[PDB]
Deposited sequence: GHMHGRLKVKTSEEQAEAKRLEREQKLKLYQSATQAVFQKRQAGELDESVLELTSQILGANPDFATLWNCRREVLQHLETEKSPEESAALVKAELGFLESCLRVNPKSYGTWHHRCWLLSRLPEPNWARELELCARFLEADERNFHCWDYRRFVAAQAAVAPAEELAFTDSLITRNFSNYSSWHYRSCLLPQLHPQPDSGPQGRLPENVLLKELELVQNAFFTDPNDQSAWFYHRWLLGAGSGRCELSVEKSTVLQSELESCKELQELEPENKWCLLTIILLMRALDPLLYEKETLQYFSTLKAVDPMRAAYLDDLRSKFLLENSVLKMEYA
């Protein structure tokens, strides 16, 4: 029944593959190969040579068909690809064939492609193939970073699988303020946004990773000094509420570094001890980080006039 039938699957796939290759050697670049490969590529989208066969067929058919006949084939290809993506949304072959197809169309509908991306990202907000495809589409349609920035906000606040959305922001933000290291006002707004995230969900590692980047991405003004001090106290508050939360402990150390390495030396060293106890797998990392910070402190101490 179950195991018995996949013998029949094999021999059909096998026979269909046989036919495709025989046809290909014969120079038979026609719709029969499209039909044969549709049957195989659905279950086996990583069979790259068959995607190549489809492209060779479509290229050949384009030569001996009317514009409207070629347009029909394209629309059928789009539908085929969408059905394939529903079954396996992470196959490199499928996404690339779609890219190849859209890149050669005279009048592509990019807004429709962006919507396909929105839909696939609703199902899996971490699908990097889809995010990469979206960027491709956004580039071709010349969609502005500001418009994509709005997209990332909705995704971040509506629910929590957010690493991919934060990553995208990290690439968009620099584009809005492109130097040949963010402006402080922009940084300050990002800090507020990410702080909201990791207090809403303190287990959300993506916000903590993105926050570490912001702590490097920009001498303290009174406002930045005050914001950072405020973050410090807020993380101590969280530390009381979630004493096993390692992300907040590490961020406390980093904040003190950002504030005044030498003034906070005592507290930094205490936090290292606590943090290693809470996150013993990272002990070797945390010792190397502490060693680095101590070396920096020695250098700061020696700069004293």
According to the record, which stretches of the deposited sequence lack C-alpha coordinates?
1-17, 198-203, 242-245
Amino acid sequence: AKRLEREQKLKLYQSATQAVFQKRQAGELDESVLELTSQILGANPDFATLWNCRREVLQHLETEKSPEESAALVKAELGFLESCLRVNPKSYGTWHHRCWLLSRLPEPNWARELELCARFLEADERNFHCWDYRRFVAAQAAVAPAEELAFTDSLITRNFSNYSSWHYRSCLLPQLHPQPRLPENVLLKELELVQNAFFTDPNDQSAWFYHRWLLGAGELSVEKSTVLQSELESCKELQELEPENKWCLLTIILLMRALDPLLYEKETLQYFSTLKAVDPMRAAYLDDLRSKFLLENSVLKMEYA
From here on, numbers count along this sequence of modelled residues.
Determine, among the other compared PDB entries that model residues flanking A1, whether at least a third leave it unmodelled.
yes
Residue range whose averaged C-alpha B-factor is higher in the record, 144-152 or 72-80:
144-152
Residue range whose averaged C-alpha B-factor is higher in the record, 125-133 or 112-120:
112-120
Residue of maximum C-alpha B factor among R181, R212, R169, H96, per deposited coordinates
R181
Among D46, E242, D279, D260, which residue carries the highest C-alpha B-factor recorded in the PDB entry?
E242
Please say which third, lowest, middle or highest, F198 falls into when its CA temperature factor is compared across its chain.
middle
For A207, does the deposited CA B-factor place it in the lowest, middle or highest third of the chain?
lowest
Consider only the C-alpha atoms of the modelled residues in this chain, order them by B-factor as the entry records it, and name the third containing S225: lowest, middle or highest.
middle
Quick check on the deposited entry: does the C-alpha B-factor of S38 sit in the lowest, middle or highest third of its chain?
middle
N159: C-alpha B-factor third of its chain, per the entry, is the highest
